[PDB]
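Novice: Below are the structure tokens for one structure; questions will follow.
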Amino acid sequence: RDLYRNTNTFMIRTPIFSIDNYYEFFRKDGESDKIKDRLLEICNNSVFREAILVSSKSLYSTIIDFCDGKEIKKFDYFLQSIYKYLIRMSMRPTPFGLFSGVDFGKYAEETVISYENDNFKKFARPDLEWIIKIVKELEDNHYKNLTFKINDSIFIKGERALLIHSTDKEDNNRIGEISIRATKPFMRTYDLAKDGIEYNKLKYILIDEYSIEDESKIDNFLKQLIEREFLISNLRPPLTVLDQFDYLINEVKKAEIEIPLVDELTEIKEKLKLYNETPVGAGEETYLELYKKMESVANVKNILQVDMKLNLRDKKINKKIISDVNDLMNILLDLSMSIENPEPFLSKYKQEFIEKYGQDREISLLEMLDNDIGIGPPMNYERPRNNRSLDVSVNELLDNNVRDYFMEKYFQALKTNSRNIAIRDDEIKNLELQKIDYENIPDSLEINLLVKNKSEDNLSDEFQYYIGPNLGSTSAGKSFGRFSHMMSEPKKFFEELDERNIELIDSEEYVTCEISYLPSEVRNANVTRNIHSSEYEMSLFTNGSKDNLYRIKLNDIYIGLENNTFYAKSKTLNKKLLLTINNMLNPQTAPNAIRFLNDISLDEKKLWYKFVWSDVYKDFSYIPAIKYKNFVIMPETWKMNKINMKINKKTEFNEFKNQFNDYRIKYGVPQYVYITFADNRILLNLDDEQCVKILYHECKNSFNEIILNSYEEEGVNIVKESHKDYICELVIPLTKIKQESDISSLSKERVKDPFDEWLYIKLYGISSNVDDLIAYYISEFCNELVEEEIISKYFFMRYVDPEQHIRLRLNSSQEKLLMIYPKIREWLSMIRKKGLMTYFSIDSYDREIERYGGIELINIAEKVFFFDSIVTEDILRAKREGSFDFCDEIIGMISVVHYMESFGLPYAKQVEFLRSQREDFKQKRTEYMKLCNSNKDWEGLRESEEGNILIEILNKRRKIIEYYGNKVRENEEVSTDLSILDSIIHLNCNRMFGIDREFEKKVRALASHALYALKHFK
Amino acid sequence: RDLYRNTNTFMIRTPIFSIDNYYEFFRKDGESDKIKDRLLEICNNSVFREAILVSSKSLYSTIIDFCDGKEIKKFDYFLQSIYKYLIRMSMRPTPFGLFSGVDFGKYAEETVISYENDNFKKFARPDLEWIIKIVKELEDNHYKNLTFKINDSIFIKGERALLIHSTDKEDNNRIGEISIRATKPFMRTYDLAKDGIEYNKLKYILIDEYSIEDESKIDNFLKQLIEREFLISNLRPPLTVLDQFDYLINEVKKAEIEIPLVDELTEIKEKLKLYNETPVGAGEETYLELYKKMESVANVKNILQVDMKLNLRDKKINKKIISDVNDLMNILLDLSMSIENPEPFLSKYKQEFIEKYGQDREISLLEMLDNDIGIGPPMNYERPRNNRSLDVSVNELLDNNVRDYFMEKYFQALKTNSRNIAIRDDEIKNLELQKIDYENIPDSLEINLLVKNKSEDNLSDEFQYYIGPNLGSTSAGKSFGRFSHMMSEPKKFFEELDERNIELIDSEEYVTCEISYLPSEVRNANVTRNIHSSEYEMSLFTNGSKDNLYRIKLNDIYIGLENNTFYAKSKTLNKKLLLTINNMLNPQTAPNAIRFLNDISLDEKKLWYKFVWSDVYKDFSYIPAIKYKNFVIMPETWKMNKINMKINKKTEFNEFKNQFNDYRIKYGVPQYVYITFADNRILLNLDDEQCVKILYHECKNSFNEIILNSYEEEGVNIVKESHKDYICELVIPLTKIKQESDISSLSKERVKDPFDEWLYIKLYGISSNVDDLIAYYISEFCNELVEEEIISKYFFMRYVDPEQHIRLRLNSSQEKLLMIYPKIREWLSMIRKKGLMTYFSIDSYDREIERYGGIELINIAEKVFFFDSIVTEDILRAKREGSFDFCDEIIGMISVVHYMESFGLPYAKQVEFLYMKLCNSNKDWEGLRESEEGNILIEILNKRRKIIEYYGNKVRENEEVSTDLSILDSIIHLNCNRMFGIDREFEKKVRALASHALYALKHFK
């Protein structure tokens, strides 16, 4: 079965020169091997010169001097640069500058890709580093004309206000939290600037309502907020519009400011329009005029960004490619089921969240991630690291059968001297792996493919695929967003993706939202400006493209768990958010909030390019190519270490050369390899290429990322111009086929200080005597205090920190509790002297209000816990006194059944409730069916006087549970009271038996079979 | 340079049959391949029959039927048993039964080992299961005649008393503690039976002093103590005497009991003497008579234990062997430095011990290991597991360069199709590993070697060595003690080991102590009775061999740390204990106390047979042999899994046979291999060998312990009888060459309850706003309580228990602390409402009495902490106001130097204990007082000076205090914590810079 379908279009990538320029440069067709000579004939190529100019203006100036014949001092460093760019212009399809370009194709019944005469169109635009220099300059002068909004990242925490990264930053301050004080005039500003205010309109209101007299005090105040980016002006362009520069000119035209600058920007816009029409190689002088004019307006290092479009004549591929890729995804998703814990840090974080907050609350995203008021971030987040000493250990738990399979594959490959390992469908089927569930399949993806034709002599589309060095991406659209200004109809592309996303998810519960973010170092944002079609937008440190009706704020995002998976909800909308980011922003370097919102959008989905064998082979210096059918998934690879290569920074060439030839002979390294960083394809039978090799080896300390990969050395290239071959990469986007409380964390209702109506004691060192201490000591003392009316009620339960303890909670007034504490000390000293305990502590009681039904019902649940304590004490005593001889399993079963009977869950439901969560251990059938039958009044149990004692104890608890059950059903705001019933059953088991998960599981199984067998009697 | 020297002697081990009996049974020289005929011929061999009789009387009875010509039921099961025993009699030197024997050799200038005609002596003696079956019967009938002692394993905990393993146990009970109530008449008996007492003398004291009037009450009391083994009778023999049965016959003569039993025991003793005189094979009829006599006295499964001595004529080996083993030990101890954390679980336990008890306390062994009053055992101990939910993840931290070295070795071996990997001294020297220290080299060891002539051509001692399957032992004499009754002069062997141990350790402080333990399942102890020459003995559940002067009791042992290594000490002796166990008792199944005492004796020593490459190759299904010079360190090995042998329990033979022949060719498995369990050497070219293979493989589910190892296929055997080869194994023992408080844990002095004169508050949620919370809020509130005289003093510090918090401690009376608690509540609510904290708790204050000098000086240290808190608040406030602008590093250095100066540690010591203008304290910090900033700083610090001088003089005045520099170091660590919190890097920097500045000032001091 096919799991994915294609979209309407795909991306084509291709370098500017054919492969012939590469082989011809290594003297393929000419005897000359002079160091210069050819070096002059490459610098006479105008397309090579213009490509260098747009990328590195320093290296350009050296090439001019070289053609002038001037002495160039380094020359060594000069050759390395020229060689590396000549290679990168012929061999690396990845699009950058003018070295490589992009185009968009369509699926067809045949493959044909061709170049037109009018190949290569330029798309130049201003760099964001340059634009934002002008924005700051203007608003630093003319702010009285501007309109301001509050920064949507703001968080207000007590008397402090915060932003997600440091602004107006300081080396003495970035060592800790940086914040402004939330003074009353700041809180007034926060309400006025909510949706934009004119500067003069804001100023006079503050001067009015605070009198001040000194006008300069308010000007100085507002300047601080603007300079620290708590206020954002209208001039700053959105990243989500199609043209940031046109936006800025429009805004300065609305303000009617700096009229001389408006003309200069218009002239720059016209010069830039002229430059984009010049063909490649003709633009050199035109670029320098524009670059000089822009440098005269704002002096920054980057100024211009340039892209180019291939402008192909034909651009069709045989849709057969989609049937092949669907085969690959099946085997990879099957293999993904062998890893049991693929995200160990996020999985640990769920346990911390549940232990703090339970299942029934939604928590503010910014509170939750805070170190002081939250639980902090996951332990692998490096922005504001978690300051707690938590355990960082992890294990993904690979299946030992799959570890064996790949190790036998490796051994057989070495023994037979095979350069590749092949996996096969029927070999994987024999592994007996668990099948993937549909909800775990990822909803869209992108894969990068190099395509070569396997034989022209068969006159057929026999294609060989290699997965590209970057593999792909986790969502369709991320690779395309960077080129939205080059697409003919970008809105129609993203509307399709948005429609298919909405089609795959639950209707009416979800809305789509885009995340947009401008970092402090704005060079990084030049790849982060893109179009989108999500309904809502959250724009941080920038103006948004959306109207204020569709604007979202970080302090409005609440996080919850459902089905053990995280979701995000907007409180103002009361909608769940489906979150998108249409660009290749790296999550691991973003602030923790953005990284977390990225992570949870992929929660419980498989990551398709996380390969199982990666951990099996991580220690080998050599790995064969891994392939499936006609896909090469990973290339053949070699790496270098201090054992196999013996190199120092004091080592020298010729000495390295001898040492490296021994490596090539020992490991079989072929003539062509990639050096897997930015140096790429190296020809080893050429001494200048080994000079690149040694310089990298020696900077990389002879180990660091010195990884060699084989070249794609079979098949032939599919893209041709006349007779010249071009190397070509496809990006294929795929979409999944569809298969049919307001109580705050520190409210005084939730958290009770010591002696604030409750005294909460932890008793340590109890494990050897737990049952005698409960049944005798605690029972007598607390039941005496109840009769003297000193306390109204108590309950206890057993827990584990490191070390086991009893938790004992007493309820009264603060006055009465402080009055008796001296007698509690004497009591606990007497217990210690007998050796029954070691030490104790007093703690804050944190009330689980939402779990037991809200602020009304938890008062009744705390009475239910009081009566269940008494019954437990009485059962433990009668058991110790020998008054009956039932096993622990029988007492558990009877207690569970008596709970459901008194809570009022009718028999038709009971079995299904005790299911949904011992077959040969039922062999006591007659005993269990006799005892668990509640009919008449436990008639089968009352048969023996031992059983009569037992039921007369349990019935002390009955009437309060009935009352609690009726109120839970009487409440219309509470639903699935079966979750409340389940919670109180766990606590009774804890009280009687302690922590034993297998024991509790046994009691619930062993009682579903007796209730089932009583079907004929109900 | 040689690290080890030989002892006077070594052990020789040899099977009872020559290897020719193996090849002749697989038709080496025979055309016939019938299963019978040969099956009849071996069953007519008298040595084989008696060997089977001594080991399994069941199978012996089947052999007799088979020779009587009856038809056996199983027959197939009959074949595999006879094959397995014939092979084990021919090929496995490990001594057991009559299958194999032992002898003791001496070193010489040349090797010659030869059998005499008088070979093979029997050494039969009774089994302990039978001895103790008889002992229980007598002490049940005749207890009134016996003398009794307390069980030396006893522990008393509050009102309960406990033993280290369950007695009179119950399957419901064994899951938890089992104990007797320590009632007053028990505590009286515990004093009376200290040195032993007669039953009547004990009974009538108790009856009198408790005036019980009903005599039967005390009888029924003492019977329960005896049945539960809280009392031990004189009849029960020591495991550490030479003959347990002669001891038992002697004690019943002293007691005069049951004289009709005593003559029967004496006659059993006589018949046993005659049996030991019979040659092997001649004894079947005499064994059955003695066996049936003994079974008539006590019916139990085992009854008799038998060994045999080889009685070699010649037994010299060339002393050259000792030089080769020194080379092996050099290269192995060199490799051992590549692993940083080889005992991961015990290192965690050292951290938990430092956390709970610190560096200055000695803790009772049975308290420390207790789950409730102690910290429990290490997390890998299986006898009462640690019930705490700790993280058990562990890592040994192998050096990445050595992993690379071994991985390129393995790749190169597979590529060249080589069957072995060789390690070399110069290759290891290029790894640039750290050098092993002399204190880490283990004091003694034993190594097992199979020895072959590399060739006969020279008639020369060119030897090839294979390390035996069990490798060796951690201590000299562990392999030997099991044969103490067969040695000619056992005391002279064990005396020289004790003397060599006493010579290696520190004089005067140490004594040697033997641990002896009898388990509840006594069959396991038949290998645990041995002689020793240690000065003291601890005997558990048994009588000892020593007088009461030299008896040690388990509740007398205290544990401490020194130099980050554990030691054990006796409180009565006031001596450290050098602990010995001269037998192969497995520590991993012993009670937690015995396992911990074993682990102590090896702490911070290397374990020589823990091979580094064992972790690197653990995932591979084939491994070449690892060798060095002329040692094969590990054999070549293959293992089977569900990928390479697709077999199931439903799989039939023939299909297995075709499946396996494929595996052989793919992996190159040779003709002879060991199946590494109790089936051992297999000839794969023979079909019944394949039947043994498949039978094992099916039960082992095609995975469990199915490891194949190659045979020692080159060289020739060195032991000959005329012209018959025997396989021979040596055990070489070696010894290292020498290179020249009374305050209990729950005393009211130590632990203070909440409001018990101390109020101890932990404040959470504070990490964003420390320094402001200290300098303003805590400062202004607590100092105002001192002015009111509501509290006498306070101090604070910063800690982590996962979450960061402040620890704030206030001192007053209980009545005053309960009176003001409402205002403390109002105070902390206001701090919370500003968002400066989240929640708080009240905790017990556990005072570090021994760290700060004992019960008197601790009261002064707590005043030093009070004045140091005030100075920290003042410095933090002045910094926040900007009254000075020094770096944190400057303030740290000045405070450290001011501490040493005011504590009175002179300059000549300061640079040994650990900018120039500021740290020069001369005149009156005159270089600092020059600026106004420096005058403000120094005036704050001088608030602290007077109390530190007073404290320092009292420390030096108390002659009971030693290394007062540890007190100064402690209080300097606290000052840094208050100002900067927890950052180990920053303090290390601050101290380093201060030392450099003080050293540069030598001309000025």
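Simple scheme: letters A, B, ... for chains in structure tokens order, numbers from 1 for residues in each chain, numbers from 1 for ligands in the order shown.
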Among the residues of range 397-467 of chain A, find those DSSP assigns to helix (DSSP H, G or I) from the backbone and print them as a list in words.

Specialist: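 Assigned to helix (DSSP H, G or I), within range 397-467 of chain A: residues 400, 401, 402, 403, 404, 405, 406, 407, 408, 409, 410, 411, 412, 413, 414, 415, 416, 425, 426, 427, 428, 429, 438, 439, 440, 456, 457 and 458 of chain A.
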
Novice: Any chance you can output those residues with N, CA and C atoms as an mmCIF file, in the first residue's frame?

Specialist:
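What landed in out08.cif:
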data_model
loop_
_atom_site.group_PDB
_atom_site.id
_atom_site.type_symbol
_atom_site.label_atom_id
_atom_site.label_comp_id
_atom_site.auth_asym_id
_atom_site.auth_seq_id
_atom_site.Cartn_x
_atom_site.Cartn_y
_atom_site.Cartn_z
ATOM 1 N N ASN A 400 17.665 -6.318 20.302
ATOM 2 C CA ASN A 400 18.881 -7.118 20.136
ATOM 3 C C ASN A 400 18.876 -7.998 18.889
ATOM 4 N N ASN A 401 17.706 -8.384 18.384
ATOM 5 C CA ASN A 401 17.664 -9.106 17.114
ATOM 6 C C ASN A 401 18.054 -8.233 15.933
ATOM 7 N N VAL A 402 17.727 -6.949 15.981
ATOM 8 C CA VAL A 402 18.072 -6.050 14.890
ATOM 9 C C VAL A 402 19.537 -5.645 14.963
ATOM 10 N N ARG A 403 20.074 -5.488 16.170
ATOM 11 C CA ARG A 403 21.514 -5.318 16.320
ATOM 12 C C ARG A 403 22.304 -6.499 15.764
ATOM 13 N N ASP A 404 21.852 -7.727 16.019
ATOM 14 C CA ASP A 404 22.492 -8.903 15.430
ATOM 15 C C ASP A 404 22.449 -8.887 13.907
ATOM 16 N N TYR A 405 21.269 -8.671 13.334
ATOM 17 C CA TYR A 405 21.101 -8.697 11.884
ATOM 18 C C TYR A 405 22.088 -7.786 11.149
ATOM 19 N N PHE A 406 22.223 -6.540 11.599
ATOM 20 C CA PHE A 406 23.165 -5.623 10.961
ATOM 21 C C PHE A 406 24.621 -5.994 11.212
ATOM 22 N N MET A 407 24.922 -6.652 12.324
ATOM 23 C CA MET A 407 26.305 -7.046 12.560
ATOM 24 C C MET A 407 26.698 -8.250 11.714
ATOM 25 N N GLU A 408 25.768 -9.175 11.481
ATOM 26 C CA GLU A 408 26.033 -10.247 10.530
ATOM 27 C C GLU A 408 26.164 -9.708 9.113
ATOM 28 N N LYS A 409 25.372 -8.694 8.762
ATOM 29 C CA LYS A 409 25.537 -8.054 7.458
ATOM 30 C C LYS A 409 26.928 -7.451 7.292
ATOM 31 N N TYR A 410 27.415 -6.753 8.318
ATOM 32 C CA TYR A 410 28.750 -6.161 8.260
ATOM 33 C C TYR A 410 29.851 -7.214 8.166
ATOM 34 N N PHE A 411 29.776 -8.246 9.006
ATOM 35 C CA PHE A 411 30.762 -9.320 8.946
ATOM 36 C C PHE A 411 30.796 -9.981 7.572
ATOM 37 N N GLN A 412 29.630 -10.314 7.019
ATOM 38 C CA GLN A 412 29.598 -10.933 5.699
ATOM 39 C C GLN A 412 30.157 -10.009 4.624
ATOM 40 N N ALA A 413 29.910 -8.701 4.743
ATOM 41 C CA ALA A 413 30.453 -7.763 3.766
ATOM 42 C C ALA A 413 31.973 -7.737 3.798
ATOM 43 N N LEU A 414 32.564 -7.665 4.988
ATOM 44 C CA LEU A 414 34.024 -7.692 5.054
ATOM 45 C C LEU A 414 34.578 -9.015 4.542
ATOM 46 N N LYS A 415 34.019 -10.136 4.997
ATOM 47 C CA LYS A 415 34.563 -11.427 4.591
ATOM 48 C C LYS A 415 34.518 -11.615 3.079
ATOM 49 N N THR A 416 33.419 -11.237 2.428
ATOM 50 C CA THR A 416 33.338 -11.386 0.979
ATOM 51 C C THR A 416 33.911 -10.203 0.212
ATOM 52 N N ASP A 425 13.168 -6.850 1.767
ATOM 53 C CA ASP A 425 11.857 -6.870 2.415
ATOM 54 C C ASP A 425 11.620 -8.148 3.210
ATOM 55 N N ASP A 426 11.943 -9.302 2.627
ATOM 56 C CA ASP A 426 11.668 -10.571 3.295
ATOM 57 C C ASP A 426 12.626 -10.854 4.444
ATOM 58 N N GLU A 427 13.858 -10.357 4.376
ATOM 59 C CA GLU A 427 14.734 -10.412 5.541
ATOM 60 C C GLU A 427 14.174 -9.609 6.709
ATOM 61 N N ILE A 428 13.630 -8.426 6.433
ATOM 62 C CA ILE A 428 13.026 -7.616 7.487
ATOM 63 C C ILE A 428 11.749 -8.259 8.012
ATOM 64 N N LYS A 429 10.975 -8.900 7.137
ATOM 65 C CA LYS A 429 9.759 -9.581 7.575
ATOM 66 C C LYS A 429 10.044 -10.689 8.584
ATOM 67 N N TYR A 438 -1.124 3.939 12.373
ATOM 68 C CA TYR A 438 -1.363 5.048 11.450
ATOM 69 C C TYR A 438 -1.161 6.421 12.089
ATOM 70 N N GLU A 439 -1.511 6.576 13.364
ATOM 71 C CA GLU A 439 -1.326 7.861 14.035
ATOM 72 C C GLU A 439 0.134 8.250 14.241
ATOM 73 N N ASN A 440 1.067 7.311 14.136
ATOM 74 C CA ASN A 440 2.493 7.597 14.252
ATOM 75 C C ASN A 440 3.169 7.944 12.933
ATOM 76 N N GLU A 456 21.492 4.340 -21.072
ATOM 77 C CA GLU A 456 20.958 4.859 -22.329
ATOM 78 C C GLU A 456 20.712 3.755 -23.353
ATOM 79 N N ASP A 457 21.476 2.663 -23.289
ATOM 80 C CA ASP A 457 21.364 1.602 -24.284
ATOM 81 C C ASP A 457 20.106 0.757 -24.137
ATOM 82 N N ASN A 458 19.395 0.848 -23.015
ATOM 83 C CA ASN A 458 18.093 0.206 -22.889
ATOM 84 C C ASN A 458 16.941 1.099 -23.328
#

Novice: Near residue 545 in chain B, counting only C-alpha atoms, which residues have an atom at most 12 Å away, once you skip same-chain residues fewer than 5 positions from it, shown as a ChimeraX atom specification?

Specialist: /B:234,236-244,247,514-516,529-540,550-552

Novice: Extract, using only C-alpha atoms, all DNA, RNA and protein residues at most 7 Å from residue 675 in chain A, discarding same-chain residues fewer than 6 positions from it, and format them as a ChimeraX atom specification.

Specialist: /A:681-682,707-709

Novice: Write a file of the selected residues as a short mmCIF file (atom, residue, chain, number, x, y, z; two decimals), in the first residue's frame, keeping N, CA, C and O atoms.

Specialist:
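Here's the written file part34.cif:
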data_model
loop_
_atom_site.label_atom_id
_atom_site.label_comp_id
_atom_site.auth_asym_id
_atom_site.auth_seq_id
_atom_site.Cartn_x
_atom_site.Cartn_y
_atom_site.Cartn_z
N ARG A 681 34.35 17.73 -3.46
CA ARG A 681 34.93 16.69 -4.31
C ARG A 681 36.42 16.88 -4.53
O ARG A 681 36.86 17.87 -5.12
N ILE A 682 37.20 15.90 -4.07
CA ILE A 682 38.65 15.87 -4.20
C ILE A 682 39.17 14.74 -5.09
O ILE A 682 38.81 13.58 -4.90
N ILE A 707 35.92 13.03 7.36
CA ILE A 707 35.11 11.94 6.84
C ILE A 707 35.13 12.01 5.32
O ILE A 707 34.83 13.05 4.74
N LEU A 708 35.50 10.90 4.68
CA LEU A 708 35.52 10.76 3.23
C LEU A 708 34.33 9.94 2.76
O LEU A 708 34.03 8.89 3.35
N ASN A 709 33.65 10.40 1.71
CA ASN A 709 32.58 9.65 1.07
C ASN A 709 32.90 9.41 -0.40
O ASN A 709 33.50 10.26 -1.06
#

Novice: What's the 8 Å shell around range 486-500 of chain B, counting only C-alpha atoms, without same-chain residues fewer than 3 positions away, as a VMD selection string?

Specialist: chain B and resid 104 123 309 476 to 477 483 503 to 504 512 531 to 534 735

Novice: Should the cut-off be 6 Å, what would the residue list for chain A against chain B look like, counting only C-alpha atoms, as a list in words?

Specialist: residues 158, 372, 388, 389, 765, 802, 803, 834, 835, 841, 842 and 843 of chain A

Novice: Excluding residue 1014 in chain A and residues on its chain fewer than 4 positions from it, collect all residues at most 8 Å away from it, counting only C-alpha atoms, and give them as an mmCIF file with C-alpha atoms, in the first residue's frame.

Specialist:
data_model
loop_
_atom_site.group_PDB
_atom_site.id
_atom_site.type_symbol
_atom_site.label_atom_id
_atom_site.label_comp_id
_atom_site.auth_asym_id
_atom_site.auth_seq_id
_atom_site.Cartn_x
_atom_site.Cartn_y
_atom_site.Cartn_z
ATOM 1 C CA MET A 929 -16.996 -16.603 42.423
ATOM 2 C CA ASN A 933 -20.853 -12.068 44.538
ATOM 3 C CA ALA A 1010 -14.844 -13.399 38.575
ATOM 4 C CA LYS A 1018 -24.835 -10.407 37.956
#

Novice: List the spatial neighbours of residue 798 in chain B as a ChimeraX atom specification - criterion: any atom at most 9 Å away, only C-alpha atoms, same-chain residues fewer than 3 positions off excluded.

Specialist: /B:804-808,977-978,981-982

Novice: Quick one, how far is CA of residue 16 in chain B from CA of residue 585 in chain B?

Specialist: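 Atom-to-atom, CA of residue 16 in chain B to CA of residue 585 in chain B, that is 26.3 Å.
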
Novice: Find the residues near range 282-292 of chain B: any atom within 7 Å, counting only C-alpha atoms, skip ones fewer than 6 places away on the same chain, and give them as JSON, numbers by chain.

Specialist: {"B": [50, 271, 275]}

Novice: Check range 786-927 of chain B with DSSP on the backbone and list each residue it calls strand (DSSP E or B), as JSON, numbers by chain.

Specialist: {"B": [793, 794, 795, 796, 797, 798, 799, 800, 801, 803, 804, 805, 806, 807, 808, 809, 810, 811, 840, 841, 842, 845, 846]}

Novice: Please compute the CA of residue 9 in chain B-CA of residue 107 in chain B distance, one decimal, in Å.

Specialist: 7.0 Å

Novice: Rounded to one decimal in Å, what is the spacing between CA of residue 102 in chain B and CA of residue 730 in chain B?

Specialist: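 Distance reported for this atom pair: 10.0 Å.
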
Novice: So, with only C-alpha atoms as the atoms that count, which of A:573, A:104, A:432, A:418 lies closest to residue 399 in chain A?

Specialist: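 Among A:573, A:104, A:432, A:418, it is A:432 that comes nearest to residue 399 in chain A.
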
Novice: When you count only C-alpha atoms, which of these residues is closest to residue 52 in chain A: A:284, A:132, A:297, A:211?

Specialist: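 Distance minimum relative to residue 52 in chain A lands on A:284.
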
Novice: Counting only C-alpha atoms, figure out which residue out of B:456, B:933, B:866, B:849 gets nearest to residue 748 in chain B.

Specialist: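 Checking each of B:456, B:933, B:866, B:849 against residue 748 in chain B, counting only C-alpha atoms, the winner is B:849.
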